[PDB]
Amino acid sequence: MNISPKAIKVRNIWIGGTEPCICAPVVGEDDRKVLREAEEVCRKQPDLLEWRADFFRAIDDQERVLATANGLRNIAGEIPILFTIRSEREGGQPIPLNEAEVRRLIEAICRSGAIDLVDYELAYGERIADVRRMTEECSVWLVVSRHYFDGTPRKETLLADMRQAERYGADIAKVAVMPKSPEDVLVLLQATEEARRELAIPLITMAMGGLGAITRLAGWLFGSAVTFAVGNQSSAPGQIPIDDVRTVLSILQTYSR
């Protein structure tokens, strides 16, 4: 059984195939720190590496961000790199640049050849058309995401977000929620299961915090193609150390069907 209806091949690795994919974040404040951190994460064996660039102090210095991205590429080797500048309105660090300046920076990084996927938030709406066309020219995969840090929307709303994301041209739809009860955790899994049967692209879903731990370890059984785990530092509440995720995935796969 494949996690997604149609798996995507990223640098020889499959997302949405038979195997769950683990992505570990890198959150350094500057070049030296981002590189050392990447080295550490990469020794662990994540399937994907996410550079959370919103923590980067020199984010408004295009040359430094590019040199760092080029450095990350060499450290990552064959491991695909996901470039994410999480907006402040969706839990990211405040940054000294505009909505338009973020778009100019994502394009410069995409055209560098250093990264494989880019995250762009669903809420910026119409402005997604340009990012999509431009990523397709750079052969960069587009992950369109939405994060709810205040709670968990009804299933209908989550399904709508993912449908929206796909309509906008995303290669992968990502939705994260903050559960306030075990019921919210089920809603996230149910939305994920239903969306997997309705959409043609791989999904990345997770319920954050302690209550959502099970979604990071078993969401793939319901269609979540990627789980975010800690390779060194954590980028979101509830992320579990990579080794523990691997241990549970191993057992779940051996005994699931």
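In case it trips you up, residue 1 is the first one in the sequence shown, and so on.
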Mean C-alpha B-factor higher for 49-57, or for 224-232? 224-232
Averaging C-alpha B-factors over each stretch, which comes out higher, 180-188 or 88-96? 88-96
Considering only 157, 74, 112, 145, which residue's Cα atom bears the greatest B-factor as recorded? 157
Criterion, highest CA B-factor; candidates, 66, 200, 26, 208: 200
What third of its chain's C-alpha B-factors does residue 167 belong to: lowest, middle or highest? highest
Would the CA B-factor of residue 103 place it in the lowest, middle or highest third of its chain? middle
Entry-reported C-alpha B-factor of residue 215 relative to its chain, by third, is lowest
Tertile call for residue 245 (CA temperature factor, within chain, third-based) is the middle
Cα B factor band for residue 125 (lowest, middle or highest third within the chain): highest
